[PDB]
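Trainee: A single structure is presented below for examination.
As a convention, Cβ positions derive from the backbone with ideal geometry for all residues, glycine included, and neighbour counts pool all protein chains shown. Every number here is computed from the coordinates shown, using simple stated rules; none is lab data.
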RNA sequence: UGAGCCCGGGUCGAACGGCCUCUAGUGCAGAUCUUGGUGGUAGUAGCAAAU
RNA sequence: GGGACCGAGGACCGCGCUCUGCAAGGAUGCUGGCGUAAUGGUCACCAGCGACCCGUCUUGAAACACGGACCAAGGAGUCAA
RNA sequence: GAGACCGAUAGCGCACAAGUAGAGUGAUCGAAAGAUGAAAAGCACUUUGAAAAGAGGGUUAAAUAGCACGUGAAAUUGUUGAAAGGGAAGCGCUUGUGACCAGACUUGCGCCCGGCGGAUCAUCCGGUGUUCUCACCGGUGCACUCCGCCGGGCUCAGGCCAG
Ligand SMILES: [Zn+2]
C-alpha cells in the first residue's frame, strides 16, 4: 500500500475456510407459520416469506393481522409449526427486492444542542409502508380462506401448566 | 469608577433577563455537581460537552458563539480534577453586536 | 489502526497473591511469600484446604509477559529523551512518567508523547487544563 | 464521587479541650459516653447528681463489678458506679464550652453535645503508674428547620 | 576489531544501554535506527552503518558510516538529504544503502516511515490544539497549597458567615429594602420594626 | 510463578535513584534472645512496702 | 442428525484431492452491542464445599517435652596464618 | 593530617551535667539522655478558671513546626461510619449482596477536485562549511515537479464482548 510497514506486524497465514451456503432445516419452507421466541416481538405468530443467507429468515406478520412488519429474524430463534398458508398471488419480485441486505441495514449548533437528549422516534418510511402493503394484500386474502387462521396469527403463543415442549409438536 | 466602566461597558442600561448555559470540561464526570451549579442560578440549563468518549471535542469559543446565537447571556464551564469540581470559568456573552465579554476564572477548593 | 500492536489474548493463571502461611494471625509476618521449611507443615506437604505454593507452572505466556491489559509494555521515563527512545516502538510500549519527575517536566513529556504517539499511564498527576 | 459529611459551621459549634488531666481514663470514658448526645442542662444536672450520689453512670466496657442498684434501671444495665472526680472534671469542661459559646454569641439554652471523646495521656514516669486522659468535646446548637414557601407556577 | 568491540559493549559496559525489566534492552545512542541494543543495530559495533534522522527545521537526512572514516570521529557521518516525496525518499534509501546489510535497509525505511508519520501527526495535533485553545498548566505547588489551606481556615473564622448574613438581613429590614407590607416577614413582626 | 518492582492520592522538607563492576558489620518468628515501647489480667486483687 | 469444550500458528514452500479451487502443514465470514459505564479492584458480610498451632526435640511412628502476651530496632559459619 | 569505618539500641561507658546521676561498709560497679524555626519573630491582647489546661486573636512560607517542639511506623487506644455475632475465631476454592474507588481503540491514513503559500522545482545568480561532493544561507520566480494549508466529495482501516 502507501506505507512501508513501520513495525514487525506480520501478515497472517492463508486461511483455508471457504464460505459455503447455509442449508436450512426441512421445516423452514416459505409460507410456514413461525413463532418468534426473542426480541420485542417475542411470542408472536408470523409467516415466513423467504429464507436468506447465513441463518437469517425474511418474515412478515402480516402487519394488518398481528403487527409485525417486514423483518429479519434468526432461524435458531424461531419455532417452526406445521401450518402453511398458500403463497399464490404474492409478488415474488417484491420479495426479491426486500431480500437485498441494504434494504434493512440502511459539528454545528444543532449537533451540540441535542446532546444528552433522547432522539425522537423516526416515523416509518413511505417506501417501507408501500412495500408492506404490496406483499400483505395477497397474503391476507389467502389467510382469510382458511378458517380460524387469521385469529391464530393474531394471538400470542404462551406456555401453560403441564405444557412439556419436549413432547409437544408444532 | 470611570476607568472600570470604560474598560467593561457591558458589565457596568439595565441587564436583561439572564439565561445561563452550564457545561463541564471535555469528557467530564461531574454531571451531578454541574447540575447543582445549574440549580444555583435560575434560568440555567446543563448540557454535557462531549456526548460520548470518542465524539467531537468542542472548544469554549465554539460554545460561546453557539449560545450567543441561540439567545443566552452567559456561559459557565466547570473544570474537574479527581472527579471533583476545581475551576469555575464565567464567560459573559452579552447581547446584540457587542463581542463576548470578560472571562473570569475562579478556583473551587472545598 | 491507532491502538496497541495485535497480540494474543492475555491469560493469567492466577490473580490472587501467594500469602505467607500464618500471616493472617501474626502482625509481625508480612504477606510476602516465604517457603515453609518444616517437615510437617501442611502447606509444604501440600494437603488440601491449605494455601498453594508458587511454582513455575503458574508462569505466564512469553508472548504476553510484562504486558499491561491494554497490550503495551511499561517503560519508565524520566525526561523527554527517554520518550524519544519509543519512536520506533509506539505500539509495543507505553510511557510511565516516574514519581520523581517534576510538574513542568511532565508537561514536556506529555506533549512529546502525544506527538510521537505513545501512551502515558500517568497523564493527569500534577497537571490541569487551562482554557 | 462521594463527599464526606461536612462539619457544622464554626458559628454554630463551640469547642473545649482538656489535655493531660489527672483522672482515670476508664472512668472518664464511661462518664463521657453517658452524657453523649444530650442537652447541656441535662448533662450538668446529671453530673451534679453523680457527685451527690443520686444518679449513677453505666459501666459498659470498663465494668468492674462494684455497684448494682436501682439506679441502673434508668439505663438497663446491672453495673453502675459513682465517679466523683470524673464528673467534676467533665463539669468544668462543659462550663468552659458554655463560656466559649457565650463569648461567640450562641443560644445557651439550646446547646447539645454533638461530639465527646476521651483519649489516653502519656503515662506519668514515677512500679506503679497512673492513667491520665485527654478530653475533647464540641458543643453545637440544635438544628433549626425553617418553613419552605410554596413553589410558583410559571 | 569490530567483534572485539561488540563483546566489550554487550557484556562489560556501554554508556548508551538502558536495561529494562521487561525483557528488552534499549540503546540511547542518537545514531541508532532502532532503539534496541542488539548486534545488528549497535552503531559502535558496526563499522558500516546507516541512520535516518530529522532536523529541527523539518528536513529528514540519511547518515552513512564507513570503515575509512572510523579513526576520525568528527567525520563519521555522511549526511544526505532525503526527498520530501515519500516514494523518492524510499528509493533514495535503496540506491544509497546499496550493498549494505538488508537489516540496515529495512530498518532505515521503517525509520523514514515513522518520521514522516509523526510529522503528519504533529501537524494534526497542533491544528486541533489551536482550535481547542486549551493548554496543560501545572497544578498548585505543595507550598502554595498549604498556604491557602491555612489562610482559608483563618478567613472562614473571620468571616462568621451566619452572623454576617443575619446582620445584613435585619439591616435591610430596617431601611425598608423590602418596601411597605413586606412579603419576607409576617405582619405582626413588621409592626415590631416600627 | 516468587523474593520483590513501578505508578496514582495524602503527608513531607533536602537530598536520592537505574546500569555495569568492587566491597561487606548485608535479608529473621522463634534463641525461658537483648534494649525500648505497649496490652489482657483489671479499675481486679487490696490500701502491706514504694509513691 | 443433536450437544458440549477448544481455535494453538501467522507471507509462500509439504502431502494430497472430487483440480477455473478444496474440509489438503492449527477460524474465517456476516451481523450486533460497548462510555452518567463495558469491565475490573479492595473491603465488610452471607452462602456451598474444604481445612488440627507453628518451631524444636525423641521415636518406626504418633503421643509427651521445651519455646511462643504483642510490636519496633538489634541479632548468630566471620577474619588471619 | 587522613579513611571503600560507625552514624545516636550504632560508634569509646560518655556527640549532652559522664566516670556524671546512682548503688555498695568498702574494694569496686556504673547508666539514661542529640534535631523548633532561616530568624524567637518563643503566642501581645480579649476571655473561661487554680492548670505542665482551653476558646478567640496574633507570629511565621508552615504552628496538625508552640521549648510535650524535623519526619512521626507498628503494637496499643478513643470517637464516628458500615456489616456481622444461637457453645471459638482466623484460612482455601467459588459466587452473590452492599459500600467506596478506577475508567475501555492514543480512537486515522489514503485518493480526487479547486484555490493559496512554500521549496529538496529552474541545466537562474551570489556566498559559506566541508568527509571535495555533499550540505547550509541570501536573492530571483512558478514552465514543470514535489510538499504543506484551506473548502468540498470519497475510500478503507481499526479495541473488547456476543449471536
Ligand atoms: Zn548498543
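Trainee: Look through the stretch E:69-87, keep the residues that are in a loop (DSSP other than H, G, I, E, B) and within 14 Å of another protein chain (Cβ to nearest Cβ), and return whichever of them is nearest to RNA strand F (Cβ to nearest atom).
Mentor: In this case the residue turns out to be E:82.
Trainee: Right, next: Could you list, in sequence order, the residues of the stretch C:93-115 that are assigned to a helix (DSSP H, G or I), at the interface with another protein chain (Cβ under 9 Å from one of its Cβ atoms) and touching a strand residue (DSSP E or B) at 6+ places or on another chain (Cβ under 9 Å)?
Mentor: Once the filter is applied, which keeps residues that are assigned to a helix (DSSP H, G or I), at the interface with another protein chain (Cβ under 9 Å from one of its Cβ atoms) and touching a strand residue (DSSP E or B) at 6+ places or on another chain (Cβ under 9 Å), the stretch C:93-115 yields C:103, C:104, C:106, C:107, C:110, C:111, C:114.
Condition check ((1) over 30 Å from residue A:6 (Cα atoms); (2) in contact with a strand residue (DSSP E or B) (Cβ under 8 Å, 6 or more places away or on another chain); (3) away from the ligand (no atom under 16 Å from the Cβ)) across all residues:
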| site | (1), (2), (3) |
| --- | --- |
| C:31 | yes, no, yes |
| C:34 | yes, no, yes |
| C:46 | yes, no, yes |
| C:72 | no, yes, yes |
| C:91 | no, no, yes |
| C:130 | yes, yes, yes |
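Trainee: Is there any pair linking a residue in the stretch A:4-32 that is within 14 Å of another protein chain (Cβ to nearest Cβ) to one that is in a loop (DSSP other than H, G, I, E, B) and within 12 Å of RNA strand H (Cβ to nearest atom), with Cβ under 7 Å and at least six apart or on different chains, and which?
Mentor: Note: pairs meeting the criteria are A:7/C:5; A:7/C:91; A:9/C:5; A:9/C:6.
Trainee: Out of D:16, D:43, D:34, report the one residue that is touching a helix residue (DSSP H, G or I) at 6+ places or on another chain (Cβ under 7 Å), away from the ligand (no atom under 16 Å from the Cβ) and under 17 Å from residue D:58 (Cβ atoms).
Mentor: Among D:16, D:43, D:34, only D:43 is touching a helix residue (DSSP H, G or I) at 6+ places or on another chain (Cβ under 7 Å), away from the ligand (no atom under 16 Å from the Cβ) and under 17 Å from residue D:58 (Cβ atoms).
Trainee: Considering each of D:32, D:80, D:97 in turn, give the residue that is over 27 Å from residue D:143 (Cα atoms) and more than 14 Å from chain E (Cβ to nearest Cβ).
Mentor: D:80
Trainee: Which residue out of E:136, E:132, E:156 is surrounded by 12 or more Cβ atoms within 10 Å (Cβ to Cβ) and in contact with a strand residue (DSSP E or B) (Cβ under 6 Å, 6 or more places away or on another chain)?
Mentor: E:136
Here is a yes/no grid of residues against (1) under 22 Å from residue A:103 (Cβ atoms); (2) within 16 Å of the ligand (Cβ to nearest atom); (3) within 14 Å of chain E (Cβ to nearest Cβ); (4) touching a strand residue (DSSP E or B) at 6+ places or on another chain (Cβ under 7 Å):
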| position | (1), (2), (3), (4) |
| --- | --- |
| A:36 | yes, no, no, yes |
| A:39 | yes, no, no, no |
| A:47 | yes, no, no, yes |
| A:51 | yes, no, no, yes |
| A:54 | yes, no, no, no |
| A:57 | yes, no, no, yes |
| A:68 | yes, no, no, yes |
| A:81 | no, no, no, yes |
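Trainee: Here is a check on your reading of the model: is residue C:39 in contact with a strand residue (DSSP E or B) (Cβ under 7 Å, 6 or more places away or on another chain), outside any helix (DSSP H, G or I) and surrounded by fewer than 16 Cβ atoms within 10 Å (Cβ to Cβ)?
Mentor: No; evaluated as a whole, the condition is false for this residue.
Trainee: If you check E:18, E:36, E:44, which single one turns out to be at the interface with chain C (Cβ under 10 Å from one of its Cβ atoms), under 24 Å from residue E:66 (Cβ atoms), away from RNA strand H (no atom under 16 Å from the Cβ) and surrounded by 16 or more Cβ atoms within 10 Å (Cβ to Cβ)?
Mentor: On inspection, the qualifying residue turns out to be E:36.
Trainee: Moving on to the next point. Anything in the stretch C:76-86 that is within 14 Å of RNA strand H (Cβ to nearest atom) and touching a helix residue (DSSP H, G or I) at 6+ places or on another chain (Cβ under 6 Å)? List them, or say none.
Mentor: Across the stretch C:76-86, the qualifying residue is only C:83.
Trainee: Another question, if that's okay. Is it fair to say residue E:24 is within 16 Å of the ligand (Cβ to nearest atom), within 14 Å of chain C (Cβ to nearest Cβ) and closer than 15 Å to residue E:100 by Cα?
Mentor: no
Trainee: Quickly run through the stretch B:22-43 and pick out the residues that are over 28 Å from residue B:99 (Cβ atoms), more than 10 Å from chain A (Cβ to nearest Cβ) and surrounded by fewer than 17 Cβ atoms within 10 Å (Cβ to Cβ).
Mentor: Scanning the stretch B:22-43 gives B:27, B:29, B:32, B:35, B:36, B:39.
Trainee: Does residue B:9 satisfy the criteria of being over 16 Å from the mean Cα position of the chain (by Cα), under 30 Å from residue D:154 (Cα atoms) and surrounded by fewer than 17 Cβ atoms within 10 Å (Cβ to Cβ)?
Mentor: Here the answer is no, as residue B:9 does not meet what is asked.
Trainee: In the stretch C:83-92, which residue that is within 9 Å of chain E (Cβ to nearest Cβ) and in a helix (DSSP H, G or I) is nearest to residue E:18 (Cα to Cα)?
Mentor: So, considering only residues that are within 9 Å of chain E (Cβ to nearest Cβ) and in a helix (DSSP H, G or I), the one nearest to residue E:18 (Cα to Cα) is C:85.
Trainee: So which residues in the stretch C:42-75 are within 30 Å of residue E:25 (Cα to Cα), within 15 Å of RNA strand H (Cβ to nearest atom) and part of a loop (DSSP other than H, G, I, E, B)?
Mentor: C:54, C:55, C:61, C:63, C:64, C:68, C:69, C:70, C:71, C:72
Trainee: Let me ask something additional. Pick out the one residue from D:146, D:77 that is surrounded by fewer than 12 Cβ atoms within 10 Å (Cβ to Cβ) and part of a loop (DSSP other than H, G, I, E, B).
Mentor: D:146
Trainee: Next up: Looking only at residues that are within 11 Å of chain E (Cβ to nearest Cβ) and either more than 22 Å from the chain's Cα centre (by Cα) or under 25 Å from residue E:141 (Cα atoms) (or both) in the stretch C:116-128, which one is surrounded by the most Cβ atoms within 10 Å (Cβ to Cβ)?
Mentor: C:116
Trainee: From the list C:36, C:69, C:54, pick out the single residue that is away from every other protein chain (no Cβ under 12 Å) and touching a helix residue (DSSP H, G or I) at 6+ places or on another chain (Cβ under 8 Å).
Mentor: The match here is C:36.
Trainee: Restricting attention to the stretch E:23-41, report how many residues are closer than 15 Å to residue C:88 by Cβ and either within 15 Å of RNA strand F (Cβ to nearest atom) or out of contact with any helix residue (DSSP H, G or I) (no Cβ under 8 Å at 6 or more places or on another chain) (or both).
Mentor: Summing the residues that are closer than 15 Å to residue C:88 by Cβ and either within 15 Å of RNA strand F (Cβ to nearest atom) or out of contact with any helix residue (DSSP H, G or I) (no Cβ under 8 Å at 6 or more places or on another chain) (or both) in the stretch E:23-41 gives 12.
Trainee: Continuing with this model, one more query. Considering only the stretch C:121-131, how many residues are in a strand (DSSP E or B) and more than 9 Å from RNA strand F (Cβ to nearest atom)?
Mentor: Here the count works out to 3.
Trainee: So which of B:54, B:72, B:46, B:58 is facing chain A (nearest Cβ under 9 Å) and either farther than 13 Å from residue A:115 by Cβ or in contact with a strand residue (DSSP E or B) (Cβ under 6 Å, 6 or more places away or on another chain) (or both)?
Mentor: Answer to the check: B:46.
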